[PDB]
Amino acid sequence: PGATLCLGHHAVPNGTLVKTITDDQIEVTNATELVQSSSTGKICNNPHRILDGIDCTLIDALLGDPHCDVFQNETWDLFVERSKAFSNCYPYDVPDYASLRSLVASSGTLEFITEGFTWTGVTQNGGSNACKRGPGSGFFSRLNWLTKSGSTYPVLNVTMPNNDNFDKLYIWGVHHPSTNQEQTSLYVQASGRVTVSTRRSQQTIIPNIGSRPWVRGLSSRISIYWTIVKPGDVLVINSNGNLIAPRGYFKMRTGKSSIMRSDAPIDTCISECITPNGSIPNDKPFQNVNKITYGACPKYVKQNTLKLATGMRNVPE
C-alpha cells in the first residue's frame, strides 16, 4: 500500500579527530595533514646547486687556506658548512665575520681575478709553517704577505681602478706580531699601519703587538678586512708595515644564493625545499622540521600536526 524512502550520508568505522572553532576534538570521516613533520634526512642535489664545504668554512675557502683551495672559483645556490670543518693556515680573525660570511654567501661565487699589483721595495709571498702548502711553508692563496727587502720597508702606495661594470670585492689583512723583535724584523718600522680606501670610504688599521694564545705554533694573528669598489671608483692601498695584501678581487653577484650549517648527507634526488635536517616535501603549507630553510618551503610553525577536515562529521552510531 506504500513505501518508505530514507535519506542518509556515509560514515566510516574509525574517522579522524580535528579541531574547530567550538571543539578541540571532533571526529570527521577524513582529513589531511597540513604540517610537514618528517624528512628523509638527506639534502637533495637538484634543482639547487649545492656545494658541500666538507672540511672547509666559506671564509677559509674565500681566503684560500690550502686544504680549501679545491674550492677556488666555485659557485653555489647553497653552500653547506659542516661541523667537522677546520682551519689549517695562519691564525686569523675577522671583525664582523658574520657579515663577510653573509655577503659572500649571498653573492654565490668565489670567482677571483688576479690583478697586477706592484709592490716596490718589499719582499712578496711570505709564508709560514703554520700554513703548509705541499711539504713547504705557505700561506693563503688569495693573500700576499709582504715584508722588508734588504734593510727597509718603504711606504707602499698603490692604486687599482675599477674599470669594469660590476663591483669588486677585495679581501686584505693586517698582521699583528707577538713581539717587537718580530715587528722590526719583518717590517723595519717599530710600528706599522695599513690604510685601504676608495673615493667614498676609508679604513686605517694600526697593528697591535702582543701575545695571543698559541695556535699552530703561533701567538701572532692576522685580522681580515674587506673593501668593495664600485665601477668607476678606485682602490688605493697605503702602508708602511704589516700589510697582508690582496692578489686581486672577487666578482660580486646578486641572486638567490645562501649558506646553511648542516651535517646531512647530500643525495641525488629532487626537492625544492632544503633544511639542515634534510630536504622536505613542500606539498603542505606548514612544517615543523626546522625554522631554518632554503627554497620553496612550507612556513615553519610550532604545531607538530594540524588536520584539515576533508569529509563530513563521522557518525557511525
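Start at 1 with the first residue shown and count on from there.
- Checked against the record, the higher mean CA B factor of 94-102 and 150-158 lies with 150-158.
- Of the two stretches examined, 34-42 and 263-271, the record assigns the greater average C-alpha temperature factor to 263-271.
- By the numbers in the PDB entry, the CA B factor is greatest at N240 among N144, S83, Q72, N240.
- Highest C-alpha temperature factor among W76, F117, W172, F112, as the PDB entry reports it: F117.
- When the modelled residues of the chain are ordered by C-alpha B-factor, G232 sits in the highest third.
- In the PDB entry, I209 places in the highest third of its chain by CA B-factor.
- The entry lists a Cα temperature factor for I224 that places it in the lowest third of the chain's modelled residues.
- In the deposited entry, the Cα temperature factor of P246 sits in the middle third of values across the chain's modelled residues.
- Among the modelled residues of the chain, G136 sits in the highest third by CA temperature factor in this PDB entry.
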